[PDB]
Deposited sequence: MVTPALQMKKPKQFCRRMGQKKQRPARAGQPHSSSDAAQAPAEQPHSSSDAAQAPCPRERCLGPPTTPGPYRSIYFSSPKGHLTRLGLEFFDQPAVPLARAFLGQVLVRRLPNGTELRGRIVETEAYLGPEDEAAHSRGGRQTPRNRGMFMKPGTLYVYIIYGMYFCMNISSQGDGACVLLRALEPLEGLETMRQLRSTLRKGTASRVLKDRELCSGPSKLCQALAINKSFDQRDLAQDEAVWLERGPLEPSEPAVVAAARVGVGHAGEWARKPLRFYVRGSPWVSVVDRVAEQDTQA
């Protein structure tokens, strides 16, 4: 194949890569022989120690979060205080990473519909990161591996951008209310919307 991004594009900082991270098609080749061809609609960014909600705030050197400063663009699937997973790729620097939030597929709905049921409307079937992590067959065995090896998950280039404030973080701190998360305008399949931010 040819539509796979390399290390010349993944070696970028947080904000300019996250601004160019709209509509990208994250495809995991699950071994049944099918593909999802799902397009992203919203992402989240962590610049570093400036944001208090980041997991690497103030130069954290935890033994779990150690593969991000070795090389930029590192694959990172990780739990959220339990069994729900989230999808992340890091960047050059300290505490800088981008997280994938919501996807919209075009095919293979029945497979993820059966795999989700471990009442089944497709609007709330993939409206969140833990929903797509239970739809893209995402496990804990995707931590020590790059984005350009063998036949695993990669990126594909598919065919207005509004910055919205964080929802669900509470009214605390001085960096939890800055609008930095980018999401599409006018799409009726977005989980987190901002009606007051549509007028800029």
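Trainee: Numbering the deposited sequence from 1, which residue ranges have no coordinates here?
Mentor: Gaps in the modelled chain, taken against the deposited sequence, lie at 1-81, 200-207, 249-254, 296-298.
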